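Pasted below: entry-v2.cif, mmCIF, C-alpha atoms.
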```
data_start
#
loop_
_atom_site.label_atom_id
_atom_site.label_comp_id
_atom_site.auth_asym_id
_atom_site.auth_seq_id
_atom_site.Cartn_x
_atom_site.Cartn_y
_atom_site.Cartn_z
CA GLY A 11 0.00 0.00 0.00
CA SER A 12 0.83 3.70 0.14
CA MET A 13 -0.28 7.09 1.45
CA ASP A 14 -2.40 7.65 -1.67
CA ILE A 15 -4.01 4.24 -1.27
CA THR A 16 -4.72 4.84 2.40
CA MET A 17 -6.30 8.24 1.78
CA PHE A 18 -8.22 6.77 -1.15
CA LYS A 19 -9.70 4.13 1.14
CA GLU A 20 -10.58 6.66 3.88
CA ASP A 21 -12.28 8.79 1.25
CA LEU A 22 -14.42 5.93 -0.01
CA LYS A 23 -15.35 4.79 3.50
CA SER A 24 -16.44 8.33 4.40
CA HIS A 25 -18.45 8.55 1.22
CA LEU A 26 -20.16 5.24 1.89
CA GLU A 27 -21.01 6.16 5.48
CA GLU A 28 -22.04 9.80 4.98
CA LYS A 29 -23.64 9.73 1.51
CA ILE A 30 -24.67 6.29 0.20
CA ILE A 31 -25.88 4.51 3.33
CA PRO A 32 -28.10 7.35 4.63
CA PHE A 33 -29.65 7.80 1.18
CA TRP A 34 -30.74 4.20 0.76
CA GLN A 35 -31.98 4.14 4.35
CA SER A 36 -34.39 6.91 3.33
CA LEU A 37 -35.97 4.68 0.67
CA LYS A 38 -37.31 2.25 3.31
CA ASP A 39 -41.04 1.54 2.76
CA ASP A 40 -42.56 1.12 6.20
CA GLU A 41 -46.09 1.05 4.81
CA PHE A 42 -46.03 -2.08 2.70
CA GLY A 43 -42.52 -3.42 3.22
CA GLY A 44 -39.37 -3.32 1.12
CA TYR A 45 -37.97 -0.16 -0.47
CA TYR A 46 -39.69 2.36 -2.74
CA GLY A 47 -39.19 1.52 -6.37
CA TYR A 48 -38.51 4.86 -8.05
CA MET A 49 -37.06 8.31 -7.44
CA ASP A 50 -36.99 10.80 -10.30
CA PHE A 51 -34.21 13.19 -11.33
CA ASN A 52 -35.72 15.94 -9.20
CA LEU A 53 -35.57 13.66 -6.15
CA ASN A 54 -39.27 12.88 -5.92
CA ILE A 55 -40.08 9.40 -4.67
CA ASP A 56 -42.94 7.54 -6.30
CA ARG A 57 -44.17 5.52 -3.35
CA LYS A 58 -46.59 3.65 -5.57
CA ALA A 59 -43.94 2.55 -8.08
CA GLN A 60 -43.64 -1.13 -8.97
CA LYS A 61 -40.86 -2.88 -7.09
CA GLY A 62 -38.32 -4.88 -9.09
CA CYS A 63 -36.92 -8.01 -7.52
CA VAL A 64 -33.36 -7.27 -8.67
CA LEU A 65 -33.47 -3.90 -6.90
CA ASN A 66 -34.71 -5.41 -3.64
CA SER A 67 -32.06 -8.18 -3.76
CA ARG A 68 -29.36 -5.60 -4.46
CA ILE A 69 -30.51 -3.55 -1.47
CA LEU A 70 -30.50 -6.77 0.59
CA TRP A 71 -26.97 -7.52 -0.57
CA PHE A 72 -25.79 -3.94 0.08
CA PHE A 73 -27.02 -3.55 3.63
CA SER A 74 -25.91 -7.09 4.48
CA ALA A 75 -22.42 -6.38 3.12
CA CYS A 76 -22.27 -3.03 4.96
CA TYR A 77 -22.92 -4.92 8.19
CA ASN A 78 -20.37 -7.62 7.34
CA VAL A 79 -17.64 -5.07 6.54
CA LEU A 80 -18.53 -2.09 8.78
CA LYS A 81 -20.55 -3.85 11.54
CA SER A 82 -23.28 -1.19 11.44
CA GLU A 83 -26.21 -2.59 13.42
CA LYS A 84 -28.61 -0.21 11.65
CA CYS A 85 -27.49 -1.63 8.30
CA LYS A 86 -28.35 -5.07 9.60
CA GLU A 87 -31.85 -3.81 10.42
CA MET A 88 -32.21 -2.44 6.89
CA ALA A 89 -31.09 -5.78 5.47
CA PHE A 90 -33.73 -7.53 7.56
CA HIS A 91 -36.36 -5.24 6.09
CA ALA A 92 -35.29 -6.16 2.53
CA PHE A 93 -35.12 -9.85 3.44
CA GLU A 94 -38.64 -9.80 4.86
CA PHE A 95 -40.00 -8.34 1.61
CA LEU A 96 -38.02 -10.88 -0.46
CA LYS A 97 -39.33 -13.79 1.61
CA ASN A 98 -42.92 -12.51 1.84
CA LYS A 99 -43.60 -11.03 -1.60
CA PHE A 100 -40.96 -12.04 -4.15
CA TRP A 101 -40.57 -15.68 -3.16
CA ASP A 102 -42.99 -17.91 -5.06
CA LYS A 103 -44.67 -20.14 -2.44
CA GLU A 104 -45.99 -22.53 -5.10
CA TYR A 105 -43.27 -23.08 -7.65
CA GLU A 106 -40.30 -21.59 -5.73
CA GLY A 107 -37.83 -19.05 -7.03
CA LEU A 108 -38.28 -15.28 -7.23
CA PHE A 109 -40.86 -13.29 -9.20
CA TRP A 110 -39.59 -10.63 -11.56
CA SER A 111 -41.63 -7.78 -10.08
CA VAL A 112 -44.48 -6.88 -7.69
CA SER A 113 -46.64 -3.81 -7.05
CA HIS A 114 -45.73 -1.37 -4.29
CA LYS A 115 -48.06 -3.45 -2.04
CA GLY A 116 -46.52 -6.77 -3.08
CA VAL A 117 -49.09 -8.00 -5.61
CA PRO A 118 -47.31 -9.98 -8.36
CA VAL A 119 -46.83 -7.93 -11.53
CA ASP A 120 -44.55 -10.27 -13.48
CA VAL A 121 -44.38 -13.85 -12.22
CA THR A 122 -41.97 -15.14 -14.83
CA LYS A 123 -38.66 -16.53 -13.59
CA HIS A 124 -35.44 -15.07 -14.97
CA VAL A 125 -31.99 -16.47 -14.15
CA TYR A 126 -30.74 -12.89 -13.68
CA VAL A 127 -33.22 -12.47 -10.81
CA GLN A 128 -32.49 -15.87 -9.26
CA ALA A 129 -28.75 -15.14 -9.28
CA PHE A 130 -29.13 -11.81 -7.49
CA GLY A 131 -31.36 -13.62 -5.05
CA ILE A 132 -28.53 -16.03 -4.26
CA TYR A 133 -26.04 -13.16 -3.97
CA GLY A 134 -28.20 -11.20 -1.54
CA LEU A 135 -29.46 -14.13 0.52
CA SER A 136 -25.97 -15.59 0.92
CA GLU A 137 -24.67 -12.21 2.09
CA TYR A 138 -27.62 -11.87 4.46
CA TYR A 139 -26.95 -15.35 5.86
CA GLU A 140 -23.42 -14.23 6.70
CA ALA A 141 -24.77 -11.11 8.44
CA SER A 142 -27.63 -12.71 10.34
CA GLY A 143 -27.14 -16.47 10.65
CA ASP A 144 -30.73 -16.95 9.45
CA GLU A 145 -30.87 -20.52 8.13
CA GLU A 146 -34.06 -19.66 6.26
CA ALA A 147 -31.99 -17.35 4.08
CA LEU A 148 -29.45 -20.11 3.49
CA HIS A 149 -32.23 -22.59 2.67
CA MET A 150 -33.63 -20.25 0.03
CA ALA A 151 -30.17 -19.55 -1.40
CA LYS A 152 -29.51 -23.30 -1.65
CA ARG A 153 -32.90 -23.92 -3.26
CA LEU A 154 -32.30 -21.24 -5.90
CA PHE A 155 -28.95 -22.87 -6.63
CA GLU A 156 -30.65 -26.27 -6.96
CA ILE A 157 -33.26 -24.93 -9.35
CA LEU A 158 -30.70 -23.19 -11.56
CA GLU A 159 -28.63 -26.34 -11.86
CA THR A 160 -31.47 -28.81 -12.38
CA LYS A 161 -34.10 -26.85 -14.31
CA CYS A 162 -32.24 -24.03 -16.07
CA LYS A 163 -28.79 -25.33 -16.98
CA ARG A 164 -28.04 -26.68 -20.48
CA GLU A 165 -24.86 -27.82 -22.19
CA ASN A 166 -24.06 -24.32 -23.51
CA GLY A 167 -25.02 -22.37 -20.40
CA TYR A 168 -28.27 -21.32 -18.78
CA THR A 169 -31.57 -20.93 -20.55
CA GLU A 170 -32.38 -17.51 -19.15
CA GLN A 171 -36.16 -17.04 -18.92
CA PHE A 172 -38.98 -19.30 -17.74
CA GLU A 173 -42.69 -19.25 -17.09
CA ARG A 174 -43.71 -19.12 -13.41
CA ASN A 175 -43.75 -22.94 -13.36
CA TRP A 176 -40.22 -23.23 -14.86
CA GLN A 177 -41.32 -24.18 -18.35
CA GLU A 178 -38.77 -22.55 -20.67
CA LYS A 179 -39.65 -19.53 -22.78
CA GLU A 180 -37.87 -17.09 -25.09
CA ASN A 181 -35.62 -14.49 -23.43
CA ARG A 182 -36.71 -10.93 -22.68
CA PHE A 183 -33.39 -9.23 -23.46
CA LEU A 184 -33.13 -7.77 -26.98
CA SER A 185 -30.54 -6.42 -29.37
CA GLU A 186 -30.77 -2.76 -30.38
CA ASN A 187 -32.69 -3.94 -33.47
CA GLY A 188 -35.18 -5.96 -31.42
CA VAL A 189 -33.79 -9.45 -31.91
CA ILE A 190 -34.05 -11.77 -28.92
CA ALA A 191 -30.72 -12.67 -27.33
CA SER A 192 -30.85 -16.23 -26.01
CA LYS A 193 -27.49 -15.99 -24.21
CA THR A 194 -26.32 -12.86 -22.44
CA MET A 195 -22.99 -12.37 -20.76
CA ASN A 196 -24.51 -10.18 -18.04
CA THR A 197 -26.93 -12.92 -16.91
CA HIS A 198 -24.07 -15.39 -16.83
CA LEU A 199 -21.77 -12.93 -15.07
CA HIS A 200 -24.21 -12.58 -12.19
CA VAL A 201 -24.53 -16.35 -11.92
CA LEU A 202 -20.75 -16.49 -11.55
CA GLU A 203 -20.83 -13.70 -8.97
CA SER A 204 -23.55 -15.30 -6.85
CA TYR A 205 -21.98 -18.78 -6.99
CA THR A 206 -18.70 -17.25 -5.83
CA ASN A 207 -20.44 -15.71 -2.84
CA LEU A 208 -22.33 -18.92 -2.14
CA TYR A 209 -19.22 -21.10 -2.27
CA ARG A 210 -17.33 -18.61 -0.11
CA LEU A 211 -19.92 -19.12 2.64
CA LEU A 212 -20.97 -22.71 2.00
CA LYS A 213 -18.10 -24.86 0.75
CA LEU A 214 -20.19 -27.59 -0.89
CA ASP A 215 -18.62 -29.67 -3.67
CA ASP A 216 -21.82 -29.24 -5.69
CA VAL A 217 -21.42 -25.50 -5.55
CA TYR A 218 -17.71 -25.77 -6.32
CA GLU A 219 -18.33 -27.86 -9.45
CA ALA A 220 -20.89 -25.32 -10.68
CA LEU A 221 -18.56 -22.40 -10.00
CA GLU A 222 -15.73 -24.01 -11.94
CA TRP A 223 -18.17 -24.76 -14.75
CA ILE A 224 -19.29 -21.17 -15.25
CA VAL A 225 -15.70 -19.92 -14.98
CA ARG A 226 -14.83 -22.40 -17.73
CA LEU A 227 -17.70 -21.10 -19.83
CA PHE A 228 -16.34 -17.58 -19.56
CA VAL A 229 -12.90 -18.72 -20.64
CA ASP A 230 -13.96 -21.00 -23.49
CA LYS A 231 -17.13 -19.44 -24.93
CA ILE A 232 -17.80 -15.89 -23.74
CA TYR A 233 -14.34 -14.30 -23.92
CA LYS A 234 -13.08 -13.23 -27.35
CA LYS A 235 -9.46 -14.38 -27.27
CA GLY A 236 -6.77 -11.68 -27.29
CA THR A 237 -9.17 -8.78 -27.75
CA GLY A 238 -9.82 -8.09 -24.09
CA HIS A 239 -13.56 -8.16 -24.69
CA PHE A 240 -16.39 -10.48 -23.88
CA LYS A 241 -19.38 -11.18 -26.06
CA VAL A 242 -22.46 -9.26 -25.00
CA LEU A 243 -25.70 -10.45 -26.62
CA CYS A 244 -25.68 -13.81 -28.35
CA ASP A 245 -27.77 -16.50 -29.92
CA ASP A 246 -28.26 -19.82 -28.16
CA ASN A 247 -24.75 -20.97 -29.18
CA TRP A 248 -22.77 -17.92 -28.02
CA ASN A 249 -22.50 -16.46 -31.52
CA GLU A 250 -22.68 -12.66 -31.26
CA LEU A 251 -25.84 -11.01 -32.57
CA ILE A 252 -23.91 -7.80 -33.06
CA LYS A 253 -20.23 -6.89 -32.84
CA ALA A 254 -20.54 -5.06 -29.55
CA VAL A 255 -18.30 -4.34 -26.61
CA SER A 256 -19.51 -3.34 -23.15
CA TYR A 257 -16.50 -1.80 -21.45
CA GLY A 258 -18.19 -1.68 -18.07
CA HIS A 259 -19.04 -5.36 -18.19
CA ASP A 260 -15.52 -6.19 -19.37
CA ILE A 261 -13.81 -4.51 -16.44
CA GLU A 262 -16.39 -5.87 -13.96
CA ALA A 263 -15.79 -9.37 -15.33
CA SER A 264 -12.02 -8.93 -15.04
CA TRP A 265 -12.14 -8.61 -11.29
CA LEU A 266 -15.08 -10.98 -10.65
CA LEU A 267 -13.27 -13.70 -12.60
CA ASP A 268 -10.06 -13.00 -10.71
CA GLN A 269 -12.06 -13.33 -7.50
CA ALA A 270 -13.59 -16.65 -8.52
CA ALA A 271 -10.12 -17.87 -9.55
CA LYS A 272 -9.00 -17.69 -5.91
CA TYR A 273 -11.30 -20.63 -5.11
CA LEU A 274 -10.28 -22.81 -8.07
CA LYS A 275 -8.69 -26.20 -7.40
CA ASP A 276 -7.82 -26.57 -11.11
CA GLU A 277 -4.41 -24.92 -11.39
CA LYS A 278 -4.38 -24.85 -15.22
CA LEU A 279 -7.76 -23.15 -15.31
CA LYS A 280 -6.68 -20.84 -12.52
CA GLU A 281 -3.66 -19.51 -14.40
CA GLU A 282 -5.74 -19.15 -17.58
CA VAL A 283 -8.30 -17.04 -15.73
CA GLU A 284 -5.68 -14.90 -14.08
CA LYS A 285 -4.03 -14.22 -17.45
CA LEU A 286 -7.41 -13.47 -18.98
CA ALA A 287 -8.36 -11.06 -16.21
CA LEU A 288 -5.13 -9.18 -16.69
CA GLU A 289 -5.48 -8.94 -20.46
CA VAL A 290 -8.96 -7.45 -20.08
CA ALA A 291 -7.69 -4.85 -17.61
CA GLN A 292 -4.80 -3.92 -19.93
CA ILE A 293 -6.98 -3.57 -23.00
CA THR A 294 -9.75 -1.74 -21.13
CA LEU A 295 -7.19 0.79 -19.94
CA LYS A 296 -5.75 1.26 -23.43
CA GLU A 297 -9.02 1.41 -25.36
CA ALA A 298 -11.69 2.72 -23.02
CA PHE A 299 -9.99 4.91 -20.43
CA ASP A 300 -9.86 8.49 -21.72
CA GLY A 301 -7.54 9.86 -19.05
CA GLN A 302 -10.38 10.80 -16.71
CA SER A 303 -13.07 8.10 -16.91
CA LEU A 304 -14.24 5.03 -18.83
CA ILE A 305 -16.51 5.18 -21.84
CA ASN A 306 -19.59 3.03 -22.07
CA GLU A 307 -19.76 0.83 -25.13
CA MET A 308 -19.07 0.40 -28.82
CA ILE A 309 -21.65 -1.18 -31.13
CA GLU A 310 -20.04 -2.04 -34.44
CA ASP A 311 -18.23 1.26 -35.08
CA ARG A 312 -20.56 3.42 -32.97
CA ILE A 313 -18.96 4.54 -29.70
CA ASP A 314 -21.05 5.72 -26.74
CA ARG A 315 -18.80 8.02 -24.74
CA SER A 316 -21.39 8.79 -22.03
CA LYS A 317 -20.19 8.29 -18.47
CA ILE A 318 -22.49 5.90 -16.65
CA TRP A 319 -22.45 5.58 -12.87
CA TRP A 320 -22.07 1.80 -12.65
CA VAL A 321 -19.45 1.68 -15.39
CA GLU A 322 -17.29 4.16 -13.51
CA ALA A 323 -17.79 2.27 -10.23
CA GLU A 324 -16.68 -1.02 -11.79
CA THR A 325 -13.70 0.74 -13.42
CA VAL A 326 -12.42 1.85 -10.01
CA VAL A 327 -12.60 -1.70 -8.66
CA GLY A 328 -11.24 -3.36 -11.78
CA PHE A 329 -8.28 -1.05 -12.14
CA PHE A 330 -7.52 -1.24 -8.43
CA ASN A 331 -7.58 -5.03 -8.71
CA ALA A 332 -5.22 -4.83 -11.69
CA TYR A 333 -2.89 -2.68 -9.59
CA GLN A 334 -2.89 -5.24 -6.79
CA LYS A 335 -2.02 -8.08 -9.14
CA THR A 336 0.64 -6.22 -11.14
CA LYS A 337 1.95 -3.38 -8.95
CA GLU A 338 1.86 -1.27 -12.10
CA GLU A 339 1.08 2.23 -10.84
CA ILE A 340 -0.68 3.19 -14.08
CA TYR A 341 -3.70 1.10 -12.96
CA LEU A 342 -3.74 2.69 -9.53
CA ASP A 343 -3.52 6.12 -11.11
CA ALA A 344 -6.47 5.28 -13.38
CA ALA A 345 -8.55 3.99 -10.47
CA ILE A 346 -8.02 7.12 -8.41
CA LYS A 347 -8.58 9.43 -11.41
CA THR A 348 -11.87 7.65 -12.10
CA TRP A 349 -12.91 8.15 -8.48
CA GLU A 350 -12.09 11.88 -8.62
CA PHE A 351 -14.17 12.00 -11.82
CA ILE A 352 -17.08 10.37 -10.00
CA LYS A 353 -16.73 12.87 -7.14
CA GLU A 354 -16.76 15.82 -9.52
CA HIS A 355 -19.39 14.80 -12.08
CA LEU A 356 -21.56 11.93 -10.87
CA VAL A 357 -22.00 12.48 -7.15
CA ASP A 358 -25.11 14.61 -6.78
CA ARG A 359 -24.48 17.77 -4.80
CA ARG A 360 -28.14 18.38 -3.95
CA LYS A 361 -29.42 17.45 -0.48
CA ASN A 362 -30.90 14.00 0.09
CA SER A 363 -29.42 12.69 -3.14
CA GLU A 364 -26.88 10.08 -4.12
CA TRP A 365 -25.21 9.44 -7.52
CA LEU A 366 -26.46 10.60 -10.90
CA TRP A 367 -27.29 7.92 -13.47
CA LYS A 368 -24.99 9.48 -16.10
CA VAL A 369 -23.49 12.53 -17.73
CA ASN A 370 -23.08 12.79 -21.51
CA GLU A 371 -19.82 12.91 -23.45
CA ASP A 372 -19.53 16.65 -22.68
CA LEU A 373 -20.18 16.01 -18.99
CA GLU A 374 -23.68 17.53 -18.88
CA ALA A 375 -26.21 15.81 -16.62
CA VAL A 376 -29.04 13.94 -18.35
CA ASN A 377 -32.54 13.62 -16.88
CA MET A 378 -32.56 10.08 -15.52
CA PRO A 379 -33.91 8.66 -12.22
CA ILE A 380 -31.80 8.36 -9.06
CA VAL A 381 -33.60 5.16 -8.13
CA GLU A 382 -35.16 2.73 -10.61
CA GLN A 383 -35.50 -1.03 -11.08
CA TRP A 384 -31.97 -0.93 -12.57
CA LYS A 385 -30.34 1.77 -10.42
CA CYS A 386 -29.32 0.41 -7.08
CA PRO A 387 -26.76 0.85 -4.25
CA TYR A 388 -25.01 -2.32 -5.45
CA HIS A 389 -22.39 -1.13 -7.99
CA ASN A 390 -21.38 2.04 -6.17
CA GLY A 391 -21.83 0.55 -2.72
CA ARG A 392 -19.71 -2.43 -3.67
CA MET A 393 -16.99 -0.20 -5.13
CA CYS A 394 -16.57 1.39 -1.71
CA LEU A 395 -16.83 -1.91 0.18
CA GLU A 396 -14.29 -3.61 -2.10
CA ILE A 397 -11.64 -0.98 -1.60
CA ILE A 398 -12.28 -1.04 2.12
CA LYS A 399 -11.78 -4.84 2.25
CA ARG A 400 -8.71 -4.74 0.02
CA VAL A 401 -6.84 -2.01 1.85
CA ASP A 402 -5.45 -2.76 5.31
#
```
Take the structure I supplied and represent it as structure tokens, if you would.
Amino acid sequence: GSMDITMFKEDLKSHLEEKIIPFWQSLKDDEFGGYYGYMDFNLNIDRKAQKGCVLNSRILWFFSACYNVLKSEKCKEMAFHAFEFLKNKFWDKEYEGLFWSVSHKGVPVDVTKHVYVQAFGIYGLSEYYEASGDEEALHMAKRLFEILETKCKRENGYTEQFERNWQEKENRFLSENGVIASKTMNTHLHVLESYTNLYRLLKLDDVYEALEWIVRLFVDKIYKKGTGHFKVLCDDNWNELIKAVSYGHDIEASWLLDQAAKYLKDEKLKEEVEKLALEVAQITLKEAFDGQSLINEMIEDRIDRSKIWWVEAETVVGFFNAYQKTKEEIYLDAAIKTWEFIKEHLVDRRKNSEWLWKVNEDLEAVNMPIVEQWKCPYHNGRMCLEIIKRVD
């Protein structure tokens, strides 16, 4: 470590404690349970907004992880609140697994079962089990794992969307021209992430075998060799629908794969993953880091240079991870520069706010919600928590 790294860590911990945690605490829905589902750009909460399961599981994960790292008893209480809503409203008492979305009162809105949702369920529940010791949470996590492996898994990866009763259907994720993507790297990335967390807490051989399997899939099918990029949206055989690169998902994958690699008993696979993770970091830095921040994506030859909150959060973690593995200061420099960028342009300076969704290529704020089914405390919360865990 170093003075810069120490001050960096102190800065993130202060930010987490004084900005992020109090904000998400304010979203607690004491009327019907869970957390309110929407807050607009002008900081107005829609109490009656539909509640997405991914958002609730991400809040569950976040407050659970805050307790596990910071030992905040209030955070544990907030996790409990999210867990109660998960157990009571999102968990399907007939067919098991987690609904996609419910009304603000908990009435099912979309009962279909997506692997993306089940994975975040495992991630959040496993983290909550660590925080609370609640064996009910562990039971549900284990059951979600069982269902993914026995009902959803195929030879090429996971079929991603199902009817409520686990009969397979076509996926809901589309290309920018409206074509259904049967395999998506982001669904499979969150399966890897949740299985890592599960195995960390529950060292079952069954979970180990599944974790190695999905790591192998990333190495053999999803990564595009030597390019530093993963496939994004694919057909059922991992052929790309469109030549597209998601720089945020690349750099996120780099450090999540590196993390999974730590648990691998297969030393050949382990060194392959570690090399892969490093190549992604190197190429992300060269291609996507503009000296200040990371750009978003490139579709064919069309580059989106908007600065998106979660992309910048994952860049900080991924470049810091690259620094730790290489001791090359250029990665550390990039991580800290990205964090100063976030502080200057994405952290909202209004009262009772949090992070902005994005600024455009010229760094002007765009009207987007502060809280939505897809905007959570998970990417930015985890950025802070990761640095805190990594720095002694």
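Considering all atoms listed in the file, the residue among A:322, A:372, A:21, A:83 positioned nearest to residue A:389 is A:322.
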For residue A:257, list every protein, DNA or RNA residue within 8 Å, evaluated using all atoms listed in the file, and leave out those in the same chain fewer than 6 positions away; present the list as a PDB file with C-alpha atoms, keeping the file's coordinate frame.
```
ATOM      1  CA  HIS A 239     -13.560  -8.160 -24.690  1.00  0.00           C
ATOM      2  CA  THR A 294      -9.750  -1.740 -21.130  1.00  0.00           C
ATOM      3  CA  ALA A 298     -11.690   2.720 -23.020  1.00  0.00           C
ATOM      4  CA  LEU A 304     -14.240   5.030 -18.830  1.00  0.00           C
ATOM      5  CA  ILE A 305     -16.510   5.180 -21.840  1.00  0.00           C
ATOM      6  CA  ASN A 306     -19.590   3.030 -22.070  1.00  0.00           C
ATOM      7  CA  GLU A 307     -19.760   0.830 -25.130  1.00  0.00           C
ATOM      8  CA  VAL A 321     -19.450   1.680 -15.390  1.00  0.00           C
TER       9      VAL A 321
END
```
Notebook entry, point to check: Of the residues A:46, A:77, A:330, A:228, which is the one nearest to residue A:27, using only C-alpha atoms?
Noted result: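 Nearest to residue A:27: A:77.
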Note to self: For a test of reading the model, state the distance in Å between atom CA of residue A:328 and atom CA of residue A:263, rounded to one decimal.
What the structure shows: 8.3 Å
Next item on the list: Compute the distance from (-10.5, 8.1, -9.3) to each atom, counting only C-alpha atoms, keep the residues with any atom at most 12 Å away, and return them as a ChimeraX atom specification; use the coordinates of the file.
Entry: /A:14-15,17-19,21-22,299,301-304,322-330,340-356,393-394,397
Next item on the list: Would you kindly return, as a list in words, each protein, DNA or RNA residue with an atom no farther than 8 Å from any atom of residue A:238, considering all atoms listed in the file and excluding same-chain residues fewer than 3 positions away?
Entry: residues 233, 234, 235, 260, 286, 289, 290, 291, 292, 293 and 294 of chain A
Next item on the list: Would you mind listing what lies within 9 Å of stretch 94-107 of chain A as a ChimeraX atom specification, with only C-alpha atoms counted and same-chain residues fewer than 5 positions away left out?
Entry: /A:42-45,63,66-67,70,89,112,115-118,121,123,127-128,131,147,150,153-154,157,174-176
Env of residue A:129: 9 Å cut, atoms = only C-alpha atoms, seq-sep filter 2 positions within chain, self excluded. Answer as a PDB file with C-alpha atoms, keeping the file's coordinate frame.
```pdb
ATOM      1  CA  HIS A 124     -35.440 -15.070 -14.970  1.00  0.00           C
ATOM      2  CA  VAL A 125     -31.990 -16.470 -14.150  1.00  0.00           C
ATOM      3  CA  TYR A 126     -30.740 -12.890 -13.680  1.00  0.00           C
ATOM      4  CA  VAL A 127     -33.220 -12.470 -10.810  1.00  0.00           C
ATOM      5  CA  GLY A 131     -31.360 -13.620  -5.050  1.00  0.00           C
ATOM      6  CA  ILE A 132     -28.530 -16.030  -4.260  1.00  0.00           C
ATOM      7  CA  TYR A 133     -26.040 -13.160  -3.970  1.00  0.00           C
ATOM      8  CA  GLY A 134     -28.200 -11.200  -1.540  1.00  0.00           C
ATOM      9  CA  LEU A 154     -32.300 -21.240  -5.900  1.00  0.00           C
ATOM     10  CA  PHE A 155     -28.950 -22.870  -6.630  1.00  0.00           C
ATOM     11  CA  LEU A 158     -30.700 -23.190 -11.560  1.00  0.00           C
ATOM     12  CA  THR A 197     -26.930 -12.920 -16.910  1.00  0.00           C
ATOM     13  CA  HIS A 198     -24.070 -15.390 -16.830  1.00  0.00           C
ATOM     14  CA  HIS A 200     -24.210 -12.580 -12.190  1.00  0.00           C
ATOM     15  CA  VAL A 201     -24.530 -16.350 -11.920  1.00  0.00           C
ATOM     16  CA  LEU A 202     -20.750 -16.490 -11.550  1.00  0.00           C
ATOM     17  CA  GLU A 203     -20.830 -13.700  -8.970  1.00  0.00           C
ATOM     18  CA  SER A 204     -23.550 -15.300  -6.850  1.00  0.00           C
ATOM     19  CA  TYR A 205     -21.980 -18.780  -6.990  1.00  0.00           C
TER      20      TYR A 205
END
```
Margin query: I'd like the contact shell of stretch 35-40 of chain A - 12 Å cut-off, all atoms listed in the file, skipping same-chain residues fewer than 4 positions apart - returned as a ChimeraX atom specification.
Written below: /A:27-31,44-49,53-59,61,65-66,69-70,72-73,84-92,94-95,114-116,362-364,380-382,386-387
Next item on the list: Could you tell me which residues the PyMOL selection byres ((chain A and resi 401) around 9) returns for this structure, as a VMD selection string?
Entry: chain A and resid 11 15 to 16 19 396 to 400 402
Dump of C-alpha atoms for the selected residues, as a JSON list (two decimals), in the frame of the given file:
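Result file is again_26.json:
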```json
[["chain", "number", "residue", "atom", "x", "y", "z"],
["A", 11, "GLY", "CA", 0.00, 0.00, 0.00],
["A", 15, "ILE", "CA", -4.01, 4.24, -1.27],
["A", 16, "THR", "CA", -4.72, 4.84, 2.40],
["A", 19, "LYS", "CA", -9.70, 4.13, 1.14],
["A", 396, "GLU", "CA", -14.29, -3.61, -2.10],
["A", 397, "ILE", "CA", -11.64, -0.98, -1.60],
["A", 398, "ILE", "CA", -12.28, -1.04, 2.12],
["A", 399, "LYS", "CA", -11.78, -4.84, 2.25],
["A", 400, "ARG", "CA", -8.71, -4.74, 0.02],
["A", 402, "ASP", "CA", -5.45, -2.76, 5.31]]
```
Check: Exactly which residues make up the result of the PyMOL selection byres ((chain A and resi 367) around 8) on this file, given as a ChimeraX atom specification?
Finding: /A:318-319,356,365-366,368-369,376,378-380,385
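Using all atoms listed in the file, the nearest neighbour of residue A:208 within the list A:224, A:252, A:135, A:267 is A:135.
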Notebook entry, point to check: atom CA of residue A:178 to atom CA of residue A:244: how many Å, to one decimal?
Noted result: 17.5 Å
Notebook entry, point to check: What is the distance, in Å and to one decimal place, between atom CA of residue A:261 and atom CA of residue A:240?
Noted result: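 These two atoms are separated by 9.9 Å.
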Item checked: Residue with smallest distance to residue A:280 - pool A:222, A:314, A:374, A:41, counting all atoms listed in the file -> A:222
Margin query: Please return as a list in words every residue within 7 Å of (-31.1, 17.6, -14.0), taking into account all atoms listed in the file and the file's own coordinates.
Written below: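 Output: residues 51, 52, 375, 376 and 377 of chain A.
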Stretch 265-279 of chain A from the block above: C-alpha atoms written as a compact mmCIF listing (two decimals), in the first residue's frame:
```txt
# COMPACT_ATOMS: atom_id res chain seq x y z
CA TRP A 265 -12.14 -8.61 -11.29
CA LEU A 266 -15.08 -10.98 -10.65
CA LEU A 267 -13.27 -13.70 -12.60
CA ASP A 268 -10.06 -13.00 -10.71
CA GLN A 269 -12.06 -13.33 -7.50
CA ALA A 270 -13.59 -16.65 -8.52
CA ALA A 271 -10.12 -17.87 -9.55
CA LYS A 272 -9.00 -17.69 -5.91
CA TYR A 273 -11.30 -20.63 -5.11
CA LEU A 274 -10.28 -22.81 -8.07
CA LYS A 275 -8.69 -26.20 -7.40
CA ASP A 276 -7.82 -26.57 -11.11
CA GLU A 277 -4.41 -24.92 -11.39
CA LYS A 278 -4.38 -24.85 -15.22
CA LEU A 279 -7.76 -23.15 -15.31
```
